[PDB]
Amino acid sequence: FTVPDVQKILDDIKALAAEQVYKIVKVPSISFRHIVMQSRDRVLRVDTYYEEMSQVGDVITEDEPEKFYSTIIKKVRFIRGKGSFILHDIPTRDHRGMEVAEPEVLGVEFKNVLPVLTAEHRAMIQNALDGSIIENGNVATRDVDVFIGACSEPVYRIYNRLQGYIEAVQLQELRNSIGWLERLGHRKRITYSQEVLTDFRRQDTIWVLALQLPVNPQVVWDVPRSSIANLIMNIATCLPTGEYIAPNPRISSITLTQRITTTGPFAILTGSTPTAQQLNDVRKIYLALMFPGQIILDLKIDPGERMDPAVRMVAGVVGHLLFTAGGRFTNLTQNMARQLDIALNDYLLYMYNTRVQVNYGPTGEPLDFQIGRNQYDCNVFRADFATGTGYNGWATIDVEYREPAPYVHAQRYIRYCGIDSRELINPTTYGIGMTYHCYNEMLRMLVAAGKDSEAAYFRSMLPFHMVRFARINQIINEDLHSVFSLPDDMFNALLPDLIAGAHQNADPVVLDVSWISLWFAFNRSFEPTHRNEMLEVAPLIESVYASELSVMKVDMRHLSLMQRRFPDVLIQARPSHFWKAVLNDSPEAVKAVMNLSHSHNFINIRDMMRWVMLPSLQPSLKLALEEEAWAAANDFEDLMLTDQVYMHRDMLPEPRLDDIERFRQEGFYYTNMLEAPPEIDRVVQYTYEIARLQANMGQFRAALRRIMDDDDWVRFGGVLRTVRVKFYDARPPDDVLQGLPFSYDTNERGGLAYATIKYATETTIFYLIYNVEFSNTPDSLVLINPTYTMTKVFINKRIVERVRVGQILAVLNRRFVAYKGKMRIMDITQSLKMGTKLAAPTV
Amino acid sequence: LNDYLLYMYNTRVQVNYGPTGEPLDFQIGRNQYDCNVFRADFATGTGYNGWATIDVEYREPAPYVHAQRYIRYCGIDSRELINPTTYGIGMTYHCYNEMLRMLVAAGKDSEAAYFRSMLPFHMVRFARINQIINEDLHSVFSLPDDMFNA
Amino acid sequence: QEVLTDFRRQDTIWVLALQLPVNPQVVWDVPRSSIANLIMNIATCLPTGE
Amino acid sequence: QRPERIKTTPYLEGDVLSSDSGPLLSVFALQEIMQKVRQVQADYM
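Protein chains in written order, with full-length UniProt numbering: chain A, 59 to 901; chain B, 402 to 551; chain C, 252 to 301; chain D, 7 to 51.
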């Protein structure tokens, strides 16, 4: 069977298949927070998303681009996981003849500003709460509810996308999924079930599926140089195992030993006994036969071994009957044809007597003569792949296109020797009286050669060969049809690939066996009495596998464009950096899956790149979420990386408390935030080189003090900095206030002067709140010397805002959809795995 | 190499011997491939890794004045490691191509498969040796160009 | 990452006995010395490998 | 840190056979030349 490693990997695949990313909650995640000042009519509204994602990940340098990429992946996974929730069983009240939402389900918290309010504000917020309504809407003819709540735009985008995905799932996808799996069950003789869709509460239940049934096969085939991996995992997951049976020995007793005083080469070989190597070789032969084209048989002669003449001539004459290696496909290399034909020529001349006159052909090509009273031409049976002579598939239909197949990448029905694979076979009675051209011409030549005994033997075991090929066509056209089969055009290309002598496509794997092995192959018959266990889980395996491959596809697609957007921080890197970064942030199973292929042939960056441009992507929820999440992450300003930083001296306001009450009613706060970047005339761009020469001249600090006397702005470098949000009630420490955004050191060693100047890579933003007591002088904060502040950073996004009472709930512009608390949801995704295999009748 | 091309274990293919007693004076097989191109001559250089390529090249001024050369094994530059040009199968060089064609001409296939698998390891090994030669060994004690060309 | 700035201290004297540019022909004019140059090149420029 | 030595494909990885450095190769080259010339001198008159 399988080597245990791949079985472990597929077990991990199925384990990863049975996880859910979505969530079901009663109240959506909190998005906004309110902080109360000493102001009784104005508060500070802060959208908590920004501060929440302001405290994740460690810092950055252009010295670690792979760390930067790893961080970026962490942030996009953060935003992906933040919104993967579905609202169900939402609470409500009822008044004024109308159902009314809850302040908690609003998504915003303002519950610490009520007791400082007045009567008018309480009345207004009461009326506004009474304003909120619910709408008894419909989707796919099912009752739903719609109301108004608040959510940040990046989370709201993903929430809307998941709502669209669940609407699409509830509309059309599941029906065609059921139909496609039922078609597969019809063709592959597998029975599935629909019981879980048929309870007495079926009509008012909402379904959820994570995996689409259509597994666009092109996505598995698009993997470069993966043909050998597809083959090995195909035979791992789909190939069944049976038992080997011998026919009645009286047949060989009466046919090849009708006489007892004399004997033939066949009669000597009929008394042979097996060893383990011949059983393994027969297994190899049948394995090659079950996969034409990809597995090709070869010969070996052990150095410690010596062949027998009887063995080799029997081998030739019998292997001319076992094999089909011509026409439109092939099974053996040309060397096999040459050994078989020369063995045939030797067998056709060991007993050459007067009663048979043989007309020798003039050519030096072996097997060139006429034999028999009719002088039958034996030159026909050369083994050429073009005409196919010398094999079973000669003058026989093998490839057809009957009906629309379930897997559009595998349209083929393969019929050996004119048999059809739609009739169940009674092996004890089938095969008595059908015939084709090659076998008849072979027996006619044998009689023309005067060999009675072999003719009787082969005619006796004709049904035995047919029941062999019957089981073979069953196992080929019944079980092996899946996305792992070789593609149609590639299968067409097999014969030109072999005869031309190039390797533009995948080189078929080659297999080697022994000479005497073919006789034991023809006298042991394979029966599929036990089918493989992992058959009824294949479609699940494809849908997951295709999904993580599409995940890596979109990751490569968008991660390619990193350097062009930010040249000054990804300067020194290479596509290999994010290649290894995503290899760090993917599960191990798919990594092993490609490991079984890419270990055996080299791959390179271009190959991944051209693999991106293949537009093959698999419909799935994770794909939708990640695509719209990366599309929601186009702006890096929403990622807490910025360069709009300035070392500029400014003065903290220390106002006059000429009226305590009026000043307390208003909410006054400080922030070093800049509403807009200044004019370019007050900003001089600094790099490491200008600073280095400034230190070299010995006028570094003096120039900076002069510029700060000039009251200018400094943009130390273009290397994106990491930012932190802060709130305080008192003065901040001196370190964060008076600090410099650079570092400068200078020492001496051995009579030499050495120096180093760095730029700060970490920075922070903060907010300052002023609290005033009643028994304070109006000039309490007045000082002889006002303080200096250094840091000035700019943001486009209104992160923190001072808001009056009536404008607090202006955020109510998000549409939220809910399902009734009397509804119910179940998962259906794992239910794909169920199914039973109809064992064929057998004798 | 001649005796390897002559001793064979499958069914025989035909050979046509040439005039002289020098080895590799014959033609073989169905496509009549001439093995006489595989003989070694110092002035010409056929039959080895430096055949049918450019092996040494001159660039911008070097720190050391006695040697400016850069060695190019099998026509591959070390910049192929940082920014490769062709795809995985498209990587080849001329003598390797002729060796593969001769082996597949001689009816020998499994060895051809082993070597065709082997090729990128060979090329990257010589890429590393190119990096070692052109970067690490640059010193005043490197062989000057006059003696190397003489 | 440390950088040199050519600041001169008012109480320092610099002395040198070497000129850092070199003439290779002085090295290579030594009779029967190619083997010595090769072996010490091996001893000098070869990194640690496996 | 150098991009040439970072790897993502499991085709160029295996167990290490041996290591080497400058001085060992230098002294080995000197010894092998010395042994060759002394054997040349010793095997003849």
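Quick reminder that beta carbons are idealized off the backbone N, C-alpha and C, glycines included.
A:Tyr515 - DSSP class collapsed to helix/strand/coil: Of the three classes helix, strand and coil, the one that applies to A:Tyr515 here is helix, per DSSP.
Residues bridged to A:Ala876 [DSSP beta-bridge criterion]: The partner list for A:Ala876 (beta bridge, DSSP) reads A:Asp203.
Among A:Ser572, A:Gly362, A:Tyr846, nearest to A:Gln336 - alpha-carbon criterion: With distances taken between Cα atoms, A:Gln336 lies closest to A:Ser572.
Cβ shell of B:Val438 (< 8 Å), same chain only, five flanking positions each side left out: Only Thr447, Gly448, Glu499 meet the Cβ criterion.
Within 8 Å, strictly: CB atoms of A:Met348 and A:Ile533: Closer than 8 Å, so yes.
Test: D:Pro16 CB closer than 8 Å to a CB of chain B: Contact with chain B is absent for D:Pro16, since none of that chain's Cβ atoms lies less than 8 Å from the residue's Cβ.
Listed by chain order, chain C residues near D:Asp26 by CB distance under 9 Å: Result: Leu297, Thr299, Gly300, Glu301.
Any chain B beta carbon closer than 8 Å to D:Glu38: For D:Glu38, the closest Cβ of chain B is not nearer than 8 Å.
Three-pair Cβ contact test at 8 Å for the segment 122-142 of chain A versus the segment 629-640 of chain A: Yes, they touch.
Coarse secondary structure for A:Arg364, derived from DSSP in three states: If DSSP states are grouped into helix, strand and coil, A:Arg364 belongs with coil.
Where C:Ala287 meets chain D, residues with beta-carbon distance less than 8 Å: Result: empty, since nearest Cβ-Cβ is about 10 Å, beyond 8 Å.
Every unbroken alpha helix (DSSP H) inside the segment 88-115 of chain A [4 residues or more]: If we require 4 residues or more, the alpha helix (DSSP H) runs fully inside the segment 88-115 of chain A come out as 106-112.
Which listed residue (A:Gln562, A:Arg135, A:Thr814, A:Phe852) has its alpha carbon closest to that of A:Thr729: Ranking A:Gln562, A:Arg135, A:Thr814, A:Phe852 by Cα distance to A:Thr729 puts A:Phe852 first.
Other residues of its chain near A:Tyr465: CB distance less than 7 Å, five sequence neighbours each side excluded: Short of 7 Å from the beta carbon of A:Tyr465, and not among the five residues preceding or following it, lie these beta carbons of its own chain, in chain order: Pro275, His539, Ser540, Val541.
Contact set between A:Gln397 and chain B, taken where Cβ atoms lie within less than 9 Å: For A:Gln397, the neighbours in chain B by C-beta distance under 9 Å run, in chain order, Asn411, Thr412.
Partners in chain C for D:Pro9, counting only beta-carbon separations shorter than 7 Å: Under the 7 Å cutoff, chain C gives no residues; its nearest Cβ is about 18 Å from D:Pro9.
Sub-8 Å separation of A:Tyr786 and A:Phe726 beta-carbons: For the pair A:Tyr786 and A:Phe726, the CB atoms are not nearer than the 8 Å cut-off.
Alpha helix (DSSP H) segments (min. 4 residues) lying fully within the segment 263-294 of chain C: Counting whole runs of 4 or more residues, the segment 263-294 of chain C contains the alpha helix (DSSP H) stretches 275-279.
Rounded straight-line distance, which links the Cα of A:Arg664 to that of A:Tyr471: Computed Cα separation, rounded: 37 Å.
Among A:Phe381, A:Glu481, A:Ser511, A:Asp565, nearest to A:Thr320 - alpha-carbon criterion: Measuring from the Cα of A:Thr320, the nearest candidate turns out to be A:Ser511.
Three-state class that DSSP yields for A:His153 in the structure shown: Looking at A:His153 - three-state DSSP - the assignment turns out to be strand.
Per-residue contacts from A:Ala463 into chain C (C-beta, under 8 Å): By Cβ distance, chain C contributes nothing, its closest Cβ being about 54 Å from A:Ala463, past 8 Å.
7 Å Cβ shell around A:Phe578 - same chain, five flanking residues per side excluded: Spatial neighbours of A:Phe578 in its own chain (CB-CB distance under 7 Å, excluding positions within 5 residues in sequence) are listed in chain order as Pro332, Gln336, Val340.
A:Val568 at chain B interface by Cβ criterion, 8 Å: Interface criterion met: the Cβ of A:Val568 is under 8 Å from a Cβ in chain B.
Touch test, the segment 819-836 of chain A against the segment 875-890 of chain A, Cβ-Cβ under 8 Å, three pairs minimum: With the cut-off at 8 Å, the segment 819-836 of chain A and the segment 875-890 of chain A do not touch.
Three-state secondary structure assigned by DSSP to A:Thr313: Looking at A:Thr313 - three-state DSSP - the assignment turns out to be helix.
Given 8 Å, three or more beta-carbon pairs between the segment 699-707 of chain A and the segment 155-163 of chain A: At 8 Å Cβ cutoff, the stretches do not touch.
3 or more residues per run - each beta strand (DSSP E) lying fully within the segment 464-519 of chain A: The qualifying runs do not exist here; there are none.
Where B:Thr486 falls, given that 16 or more other Cβ within 10 Å makes a residue buried: With fewer than 16 Cβ atoms within 10 Å of its Cβ, B:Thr486 is classed as exposed.
Every unbroken beta strand (DSSP E) inside the segment 806-886 of chain A [3 residues or more]: Whole beta strand (DSSP E) segments, 3+ residues: 810-817, 823-827, 846-852, 858-862, 872-877, 883-885.
Cβ of D:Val22 within 8 Å of any chain C Cβ: Yes, contact with chain C.
Counted within 10 angstroms of its Cβ, other Cβ atoms place A:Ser801 as buried (16 or more) or exposed: Around the beta carbon of A:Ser801, a 10 Å sphere encloses fewer than 16 other beta carbons of the protein chains shown; the residue is thus reported as exposed.
Residue 914 of chain A - DSSP class collapsed to helix/strand/coil: A query on residue 914 of chain A cannot be resolved here, the shown segment of chain A reaching from 59 to 901 and no further.
CB contact below 8 Å: B:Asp478 versus chain C: Closer than 8 Å: no.
Beta-carbon spacing of A:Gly165, A:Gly139 below 8 Å: In this structure, the beta-carbon distance from A:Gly165 to A:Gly139 does not fall below 8 Å.
C:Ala294 at chain D interface by Cβ criterion, 8 Å: Yes, C:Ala294 counts as interfacial toward chain D.
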